[PDB]
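Below: one structure, written as structure tokens.
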Amino acid sequence: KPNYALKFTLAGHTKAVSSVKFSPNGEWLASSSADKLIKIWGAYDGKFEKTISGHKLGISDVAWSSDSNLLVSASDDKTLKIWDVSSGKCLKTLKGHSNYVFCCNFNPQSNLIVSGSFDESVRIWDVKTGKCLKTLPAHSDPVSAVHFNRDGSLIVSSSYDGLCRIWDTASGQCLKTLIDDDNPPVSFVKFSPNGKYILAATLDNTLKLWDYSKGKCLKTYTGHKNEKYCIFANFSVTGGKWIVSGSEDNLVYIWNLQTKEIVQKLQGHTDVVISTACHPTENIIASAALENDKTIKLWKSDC
Ligand SMILES: O=S(=O)(Nc1cn(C2CCCC2)cn1)c1cc(Br)cc(Cl)c1O
């Protein structure tokens, strides 16, 4: 079992936090918020670095380029913005979605951005030009998450319509649709580190690890509370093999990947833990909570 202990508590956002992400080089934490801001913090001691502003409405998600030099944000103002982190400047505004943009990610090459929206589409954008390359009629309800696999050749998307879909990046074709009988809304999905599985959260207090080639559920992780909010889940790859998620009972849950047992619950937050992120090289977790709690917390474990 890990022994995550609280090291720093960070404050500054003035409305609900929506997303926290560590930069791939491990140097920074980015947070996004309904207060329309992105904030950058030192990954190791939480030292505030800068505020990045320009969206006209709140932000649901942020994501880093592989060289840690760019951010992309997804906003209720129906746009994504590409940011130069060092300058704070908006390089491009990605226009095309017809409603709130809920989720975004760079591909590993970071020449493309994928986005998902309340407008039920997935869009693929050229980073250099800001042009939308493809619009995929991906789902029949808001798109809750979009993620590239480790070589960039596939996209996975999830939706409140109950589906997870696998897309060929280059062609835009749907290669696979994952289905559940009770059809609970899918609130989050991402590829596993080795690219063979997808981890999917559903709004019935359940995380599932799917082999999407076989269309088979291999693991289920339960015990937490998740019936309302889009709460990310993470693979922890630096020490023991853990699954990490926030929860609507104000705790961070950590599970053993293979046995599905809860190995730790992190207490401290005073509201829903809306987002967590795992550091790329150290056993460090960042957690963020909703507008009653107002903090981001940094935790460290020996394994
Ligand atoms: O999910 S994984 O991509 N690979 C994987 C799967 N399993 C078992 C076998 C099938 C079900 C779970 C073991 N390793 C992965 C997860 C974590 Br946390 C860390 C790393 Cl390093 C990693 O590679």
Side-chain angles (χ1 to χ4, degrees), residues 4 6-22 28-43 46-55 57-63 71-77 79-81 83 88 99-104 116-118 142-145 160 185-188 201-205 207 224-234 244-254 265-266 268-278 285-299:
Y4 279 95
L6 181 68
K7 299 291 194 167
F8 299 97
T9 298
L10 320 183
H13 283 295
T14 62
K15 289 187 178 179
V17 173
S18 54
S19 178
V20 292
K21 302 285 175 70
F22 284 109
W28 309 111
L29 186 74
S31 57
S32 56
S33 169
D35 68 9
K36 318 177 196 169
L37 308 175
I38 294 154
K39 288 173 185 293
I40 306 300
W41 321 77
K47 182 176 156 195
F48 174 74
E49 189 67 21
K50 71 180 66 189
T51 298
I52 292 172
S53 63
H55 278 297
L57 294 172
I59 302 168
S60 284
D61 201 10
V62 286
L71 288 159
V72 59
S73 47
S75 172
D76 288 354
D77 67 12
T79 75
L80 302 103
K81 284 176 182 285
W83 310 90
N99 215 313
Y100 315 137
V101 194
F102 278 169
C103 49
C104 51
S117 165
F118 182 99
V143 183
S144 59
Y160 286 171
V186 188
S187 46
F188 179 80
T202 45
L203 292 186
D204 59 357
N205 320 285
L207 285 160
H224 64 314
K225 192 70 193 215
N226 187 20
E227 293 177 339
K228 178 172 178 181
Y229 296 100
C230 165
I231 297 181
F232 310 152
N234 330 113
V244 178
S245 182
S247 171
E248 289 157 13
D249 63 359
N250 312 353
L251 302 166
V252 179
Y253 281 67
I254 305 179
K265 303 179 189 184
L266 315 184
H269 282 296
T270 57
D271 207 345
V272 172
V273 180
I274 184 68
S275 171
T276 56
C278 289
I285 289 167
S287 60
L290 285 186
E291 69 261 19
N292 187 70
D293 169 297
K294 316 197 162 264
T295 66
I296 299 164
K297 286 173 189 294
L298 295 175
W299 318 76

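Below, all heavy atoms of this structure are taken into account, side chains as well, without hydrogens, waters or symmetry copies. Numbering starts at 1 and runs along the sequence shown.
With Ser73 as reference, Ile38 is the one residue of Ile38, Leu80, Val101, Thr79 to meet the side-chain contact (heavy atoms from CB on, under 4.5 Å) rule. Results of the side chain to side chain donor-acceptor pair (under 3.5 Å) test with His13 over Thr51, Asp35, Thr295 single out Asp35 as the only residue that passes.
The pair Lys225-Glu227 meets the salt-bridge criterion, with a side-chain N (NZ, NE, NH1 or NH2) lying under 4.0 Å from an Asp/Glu carboxylate O.
Residue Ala286 comes nearest to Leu298 through the heavy atom pair CB-CD2, 3.7 Å, listed as atom of the first residue, atom of the second, then distance. In terms of heavy atoms, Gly46 sits closest to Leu10 at O-CD2, 3.5 Å. Of all non-hydrogen atoms in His224 and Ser245, the two that sit nearest each other are CD2-OG, 4.4 Å. Of all heavy-atom pairs spanning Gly88 and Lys50, the tightest one is N-NZ, 4.5 Å. Nearest approach of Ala63 to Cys104, heavy atoms of both residues: CB-O, 3.7 Å. The shortest non-hydrogen separation linking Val20 to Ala277 is O-CB, 3.5 Å.
The line from CD1 of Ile274 to CZ of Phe232 is 7.5 Å long, rounded to the nearest 0.5 Å. Going from atom CH2 of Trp299 over to atom OH of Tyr4 covers 11.5 Å, rounded to the nearest 0.5 Å. Rounded to the nearest 0.5 Å, atoms CZ (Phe188) and CG (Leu203) are 13.0 Å apart. In this structure, CG on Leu290 lies 5.0 Å from CG on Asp271, to the nearest 0.5 angstrom. Remark: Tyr229 OH to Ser187 OG distance equals 13.0 Å, nearest 0.5 Å. To the nearest 0.5 angstrom, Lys39 atom NZ is 10.5 Å from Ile52 atom CD1.
Side-chain atoms of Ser60 do not come within 3.5 Å of backbone N or O of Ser75 as any donor-acceptor pair. Although no hydrogens or angles enter the test, the distance criterion places no donor-acceptor pair under 3.5 Å between the side chain of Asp77 and the main chain of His55. Not a single donor-acceptor pair under 3.5 Å links the side chain of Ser275 to the backbone N or O of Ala288.
Here the side chains of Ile231 and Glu248 are in contact, with some heavy-atom distance below 4.5 Å. Contact of the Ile285 side chain with the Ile254 side chain is registered, since non-hydrogen atoms from C-beta on lie closer than 4.5 Å. When side chains are defined from C-beta on, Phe102 counts as touching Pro142, because their heavy atoms get closer than 4.5 Å.
Every residue two or more places apart in sequence or in another chain that forms a side-chain hydrogen bond (donor to acceptor under 3.5 Å, both in side chains) with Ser19 is listed here: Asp61.
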Carefully, step by step, assess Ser247 and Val273 under the rule side chain to side chain contact (heavy atoms under 4.5 Å, CB included). CA-CA 5 Å; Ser247 171; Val273 180; 5.7 Å; no
Evaluate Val143 against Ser117 for side chain to side chain contact (heavy atoms under 4.5 Å, CB included), listing each step before the verdict. CA-CA 5 Å; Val143 183; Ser117 165; 5.9 Å; no
Pair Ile59-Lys81, side chain to side chain contact (heavy atoms under 4.5 Å, CB included): steps then yes or no: CA-CA 10 Å; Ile59 302 168; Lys81 284 176 182 285; over 6 Å; no
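A donor and an acceptor atom, one from each side chain of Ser18 and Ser32, are located under 3.5 Å apart. With hydrogens and angles left out, the side-chain atoms of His269 and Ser287 include a donor and acceptor closer than 3.5 Å.
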